[PDB]
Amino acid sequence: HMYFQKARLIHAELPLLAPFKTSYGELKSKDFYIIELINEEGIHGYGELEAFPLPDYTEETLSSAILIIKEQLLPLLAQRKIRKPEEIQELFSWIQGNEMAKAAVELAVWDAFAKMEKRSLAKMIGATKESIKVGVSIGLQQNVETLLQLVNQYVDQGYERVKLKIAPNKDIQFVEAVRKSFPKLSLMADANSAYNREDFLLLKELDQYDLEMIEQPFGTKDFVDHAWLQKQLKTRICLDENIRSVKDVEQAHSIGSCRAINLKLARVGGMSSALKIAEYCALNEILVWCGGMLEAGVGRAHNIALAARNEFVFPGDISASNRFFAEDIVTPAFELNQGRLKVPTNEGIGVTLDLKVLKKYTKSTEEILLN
């Protein structure tokens, strides 16, 4: 039982060690928001808005999402008494789409409760693991030779799973190379909606490489063509973009669009929603794993608590800050210990903000009286 006294929206931007390539862009940093929800008893809950700057991933964007947060989500909490962190998905239920905005606010509310109950956010959602095996993603390489070198570094580093980025001209030849060299390494392929039905031959040729899964070969809204392809392959197909809720998984399932789901907290609307989906995939043999969105310290802390659940077996897209950022905004840095990350045990998300580090990356601060 708690009431949210005020909200503090912090806009920050972290320098990426290396540029991140998106569909129709290239990130040079992680532009995000920190939603700080403050209890009426002095507890601070933290969430992170993950929306990319361009609507080249999903329809949402940072500027538009934070706008929906201010004009749509925060006003709802203003009055309200919240009893379960899960009541949040409900009052936001009438809102269509805008999942990443909801997530930023809702995940803050969860952290606030786990804090109140002196538990890890991981402990609270029921997780038991104390560490989780994270994976690694490699983009497109011009050389097969150089891909194999990159693949070698990580394996030696402890990463027990590798996601290879695929594309019509650079697909089958690279998968072999890696498969016929790491015959026991779990390996998946991400096709970033680069194929058409006409390329089913190319896609069928990958079935025989024991690929863990092939992510979104066709349209970002497609169910039909995916199903038409899934029925012709042994490898699981994985959806991403069009998976926003359990309801969305249910459709993909009955249609037979996929056998695996790339679950990302932000894209799915929060924690309540993510768990419902995890539980459902578990009951229907659908492989579920935590994808990523270049999260800063706060985003990553939540992601790891979700990843700690038993349903998640496949290594997710989480990693030590040091892989992307020169610096992060969370005090207990995430140490990579041979393909594994330590699940926070401290109250809430388990990590604190370097109000120091933050200050030098903060572009604006806004406080909102939810009362």
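Numbers for residues come from their place in the sequence shown, where the first is 1.
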property: Between 13-21 and 352-360 (mean CA B-factor, as deposited), the higher; result: 352-360
property: Residue stretch of maximal mean CA temperature factor, 310-318 vs 45-53; result: 310-318
property: Residue with maximal Cα B-factor (values as given in the PDB entry) among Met100, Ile166, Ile261, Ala296; result: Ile166
property: Identity of residue with top Cα B-factor, from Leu275, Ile172, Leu77, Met213; result: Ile172
property: Third of the chain's Cα B-factor distribution that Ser245 belongs to, per the entry; result: lowest
property: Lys231 - which third its CA temperature factor falls in, relative to the rest of the chain; result: middle
property: Where the record places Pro183 (Cα B-factor, split into thirds across the chain); result: highest
property: Within-chain third of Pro217 by Cα B-factor, per the entry; result: lowest
property: Chain third (lowest, middle, highest) by recorded CA B-factor, residue given as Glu279; result: middle
